[PDB]
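Before any comments, here is the structure.
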Amino acid sequence: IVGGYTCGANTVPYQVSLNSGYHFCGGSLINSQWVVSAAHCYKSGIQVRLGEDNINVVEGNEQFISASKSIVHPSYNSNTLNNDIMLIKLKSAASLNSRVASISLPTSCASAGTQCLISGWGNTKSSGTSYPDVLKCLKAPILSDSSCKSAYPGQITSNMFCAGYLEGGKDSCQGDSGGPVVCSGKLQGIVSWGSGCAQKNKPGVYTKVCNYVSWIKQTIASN
Ligand SMILES: [Ca+2]
């Protein structure tokens with residue numbers, strides 16, 4: 001997260017870190033057994049780390065649970081990033097309390113102008129590289145479809161939306177991938193892609209979670 005703020009420990013209780021020996025992506029806990037992330041975050045051997053603030057220090061609220069299964073969206077295209085969503089099942093159920101909690105799925109899509117919270121452990125610089133240990137947060141609005149398409153001609157599908165600031169300076173970034181965009185207490189987006197980070201006229205692009213609620217529910221019901 002570039003141009004954000006330190007969230008505070010366990011203030012974003014649905015935020016998870018996906019670990020394969022190291023943090024590599026975010027995700028969102030949606031029930032005691034299941035995490036939503038980006039399909040471009042797929043790999044084998046994932047350990048889900050819940051209750052994290054400093055990802056390099058054991059602070060007392062962590063739950064580390066290996067994944068039993070990953071399900072990339074049936075129509076994910078890694079070239080275009082269309083359908084950039086993946087479900088991960090935990091081998092055991094997380095213990096839920098105020099520091100580790102699920103986030104609700106949307107019942108309706110969000111509109112341009114809605115304020116959201118984007119979070120993660122990704123790079124905090126727009127030029128060069130600095131990875132934080134503690135969770136970072138950014139409040140940002142959803143942008144209009146027309147501004148999003150204008151920013152990224154030929155690239156924005158109906159399964160994507162832009163959020164952030166066209167002036168630059170405030171965005172998600174590498175290492176935030178897969179993590180949440182939460183608006184009014186609902187998971188509306190997944191950190192997906194963008195051109196660099198925090199660049200002028202190049203806002204963040206996010207997977208439009210409301211399109212996937214049917215798939216998520218039916219997949220959980222049978223897996
Ligand atoms: Ca920790």
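By convention in this document, the chains of the structure tokens carry letters A, B, ... by their order, each chain's residues are numbered from 1, and ligands are numbered from 1 in the order they are shown.
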
Within 7 Å of region 194-213 of chain A: each region 101-188 of chain A residue with its shortest pair, only C-alpha atoms, as CSV:
```
residue,atom,partner,partner_atom,distance
A:105,CA,A:213,CA,6.9
A:106,CA,A:210,CA,5.8
A:108,CA,A:210,CA,6.4
A:109,CA,A:210,CA,5.3
A:126,CA,A:197,CA,5.3
A:151,CA,A:202,CA,6.0
A:159,CA,A:208,CA,5.1
A:160,CA,A:207,CA,4.7
A:161,CA,A:206,CA,5.3
A:162,CA,A:205,CA,4.5
A:163,CA,A:204,CA,5.6
A:164,CA,A:203,CA,5.6
A:165,CA,A:203,CA,6.2
A:166,CA,A:201,CA,4.6
A:167,CA,A:200,CA,5.0
A:168,CA,A:200,CA,4.1
A:169,CA,A:198,CA,4.6
A:170,CA,A:198,CA,5.2
A:171,CA,A:198,CA,4.9
A:172,CA,A:204,CA,6.5
A:173,CA,A:197,CA,5.3
A:187,CA,A:209,CA,6.9
A:188,CA,A:209,CA,5.1
```

Discussion item. Can you pull out the residues contacting residue 68 (chain A)? Cut-off 8 Å, using only C-alpha atoms, and skip same-chain residues under 4 positions away; I want them as a count of residues only.
Written reply: 4

Discussion item. When you look at residue 55 (chain A) with a cut-off of 10 Å (counting only C-alpha atoms), what residues show up, excluding the ones that are within fewer than 4 positions of it in the same chain? I need them as an MDAnalysis selection string.
Written reply: chainID A and resid 17 19 22:23 49 51 59 62 121 132:135

Worksheet item: Hey, which residues come within 6 Å of ligand 1 if we count only C-alpha atoms and all ligand atoms? Could you give them as a ChimeraX atom specification?
Response: /A:52-59

Once you have the residues from the selection above, write them out as an mmCIF file, in the first residue's frame, restricted to N, CA, C and O atoms.
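This is the output file selection_38.cif:
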```cif
data_model
loop_
_atom_site.group_PDB
_atom_site.id
_atom_site.type_symbol
_atom_site.label_atom_id
_atom_site.label_comp_id
_atom_site.auth_asym_id
_atom_site.auth_seq_id
_atom_site.Cartn_x
_atom_site.Cartn_y
_atom_site.Cartn_z
ATOM 1 N N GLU A 52 -2.723 -11.772 11.928
ATOM 2 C CA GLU A 52 -1.432 -11.139 11.782
ATOM 3 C C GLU A 52 -1.488 -9.644 11.856
ATOM 4 O O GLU A 52 -2.372 -9.006 11.314
ATOM 5 N N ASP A 53 -0.478 -9.056 12.505
ATOM 6 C CA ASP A 53 -0.119 -7.649 12.304
ATOM 7 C C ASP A 53 1.314 -7.620 11.753
ATOM 8 O O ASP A 53 1.478 -7.571 10.544
ATOM 9 N N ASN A 54 2.315 -7.738 12.610
ATOM 10 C CA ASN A 54 3.714 -7.830 12.132
ATOM 11 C C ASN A 54 3.915 -9.255 11.597
ATOM 12 O O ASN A 54 3.883 -10.220 12.369
ATOM 13 N N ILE A 55 4.118 -9.410 10.300
ATOM 14 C CA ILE A 55 4.270 -10.723 9.701
ATOM 15 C C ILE A 55 5.626 -11.400 9.955
ATOM 16 O O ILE A 55 5.801 -12.564 9.599
ATOM 17 N N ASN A 56 6.534 -10.694 10.603
ATOM 18 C CA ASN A 56 7.849 -11.215 10.961
ATOM 19 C C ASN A 56 8.070 -11.463 12.442
ATOM 20 O O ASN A 56 9.151 -11.889 12.816
ATOM 21 N N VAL A 57 7.026 -11.255 13.247
ATOM 22 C CA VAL A 57 7.115 -11.397 14.698
ATOM 23 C C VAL A 57 5.871 -12.129 15.174
ATOM 24 O O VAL A 57 4.751 -11.731 14.814
ATOM 25 N N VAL A 58 6.034 -13.121 16.043
ATOM 26 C CA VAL A 58 4.855 -13.773 16.643
ATOM 27 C C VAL A 58 4.420 -12.902 17.813
ATOM 28 O O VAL A 58 5.160 -12.735 18.793
ATOM 29 N N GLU A 59 3.227 -12.322 17.676
ATOM 30 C CA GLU A 59 2.733 -11.335 18.628
ATOM 31 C C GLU A 59 1.631 -11.815 19.521
ATOM 32 O O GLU A 59 1.327 -11.130 20.486
#
```

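As for CA of residue 181 (chain A) and CA of residue 119 (chain A), they are spaced 7.3 Å apart.
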
Discussion item. Please list as JSON, numbers by chain every residue within 7 Å of residue 29 (chain A), counting only C-alpha atoms and excluding residues in the same chain fewer than 6 positions away.
Written reply: {"A": [14, 15, 16, 35, 36, 102, 103]}

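Per DSSP on the backbone, strand (DSSP E or B) in region 109-191 of chain A comprises residues 115, 116, 117, 118, 119, 120, 136, 137, 138, 139, 140, 141, 142, 160, 161, 162, 163, 171, 180, 181, 182, 183, 186, 187, 188, 189, 190 and 191 of chain A.
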
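When the distance limit is 8 Å and only C-alpha atoms are what count, the residues near residue 83 (chain A), minus those fewer than 4 positions from it on the same chain, are residues 39, 73, 75, 76, 77, 159 and 207 of chain A.
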
Discussion item. Taking the DSSP secondary structure from the backbone, can you list the residues of region 18-202 of chain A that are alpha helix (DSSP H), as a ChimeraX atom specification?
Written reply: /A:145-151

For the selection just defined, write its residues with N, CA and C atoms to a file, as a JSON list (two decimals), in the first residue's frame.
```
[["chain", "number", "residue", "atom", "x", "y", "z"],
["A", 145, "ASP", "N", -16.87, 3.48, -14.04],
["A", 145, "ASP", "CA", -16.49, 2.60, -15.11],
["A", 145, "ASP", "C", -15.87, 3.38, -16.27],
["A", 146, "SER", "N", -16.46, 4.53, -16.63],
["A", 146, "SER", "CA", -15.92, 5.29, -17.74],
["A", 146, "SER", "C", -14.50, 5.80, -17.46],
["A", 147, "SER", "N", -14.22, 6.27, -16.23],
["A", 147, "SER", "CA", -12.85, 6.71, -15.93],
["A", 147, "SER", "C", -11.89, 5.51, -15.91],
["A", 148, "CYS", "N", -12.36, 4.36, -15.45],
["A", 148, "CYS", "CA", -11.54, 3.18, -15.40],
["A", 148, "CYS", "C", -11.14, 2.72, -16.81],
["A", 149, "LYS", "N", -12.12, 2.67, -17.69],
["A", 149, "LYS", "CA", -11.84, 2.31, -19.07],
["A", 149, "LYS", "C", -10.98, 3.30, -19.80],
["A", 150, "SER", "N", -11.17, 4.57, -19.50],
["A", 150, "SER", "CA", -10.32, 5.59, -20.10],
["A", 150, "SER", "C", -8.87, 5.45, -19.66],
["A", 151, "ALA", "N", -8.67, 5.08, -18.39],
["A", 151, "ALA", "CA", -7.34, 4.90, -17.87],
["A", 151, "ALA", "C", -6.62, 3.70, -18.49]]
```

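Between CA of residue 122 (chain A) and CA of residue 32 (chain A) the interatomic distance comes to 24.8 Å.
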
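Here the question is which of A:154, A:26, A:113, A:120 gets nearest to residue 138 (chain A) using only C-alpha atoms, and that residue is A:120.
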